[PDB]
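The opening residue of the first sequence carries number 437 in the authors' numbering; numbering runs sequentially from there.
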Amino acid sequence: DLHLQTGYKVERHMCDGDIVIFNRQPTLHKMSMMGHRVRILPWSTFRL
DNA sequence: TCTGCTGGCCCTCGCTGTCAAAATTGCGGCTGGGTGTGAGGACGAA
C-alpha cells in the first residue's frame with residue numbers, strides 16, 4: 437500500500453532547507469515575526 | 001390706533017447617572033462541579 441502514484445500527498449518530516457517563521461510576544465512591529473530557513477542541529481533548542 | 005405686562009413656548013445651560021474598557025504569550029499547581037428528603041427496599045426480633 438506504499439506505492440506512490442502521481443497526484444498523492446506525502447507528509448515528510450521537516451528536513452533542512454525548509455522555511456519557517458519565528459515569533460516572540462509581544463509582537464510590537466513587523467520585524468518581530470518573519471521567516472527563516474531550517475538548519476537541523478542536535479540538542480533541544482532553537483539556535484538563531 | 002399705540003404702550004407694555006404677562007403665561008406660555010421654545011430654546012439653552014449646568015449637573016448628574018450610567019457604560020465599557022483596562023499588553024502579549026507560555027507553564028505548573030490546587031480546588032470544586034448541590035443537597036435534603038418522601039418514600040422504595042431490606043432487616044432483627046418477636
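Where a beta carbon is used, it is the ideal one built from N, C-alpha and C, also for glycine.
Beta carbon of residue i nearer than 8 Å to that of residue j
i: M467; j: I457; result: no
Neighbourhood of residue i by C-beta, 6 Å cutoff - its chain only, sequence neighbours within 5 removed
i: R475; result: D452
Minimum C-alpha distance to residue i - residue among the options
i: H472; options: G443, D454, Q441; result: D454
i: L484; options: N459, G443, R448; result: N459
Identified DSSP bridge partners for residue i
i: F482; result: Paired residue(s): none; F482 is not in a bridge.
i: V474; result: Per DSSP, none; premise fails for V474.
Rounded distance between the beta-carbons of residue j and residue i, thought under 8 Å
i: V446; j: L440; result: 7 Å
7 Å CB neighbourhood of residue i in its chain, flanking five on each side removed
i: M450; result: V474
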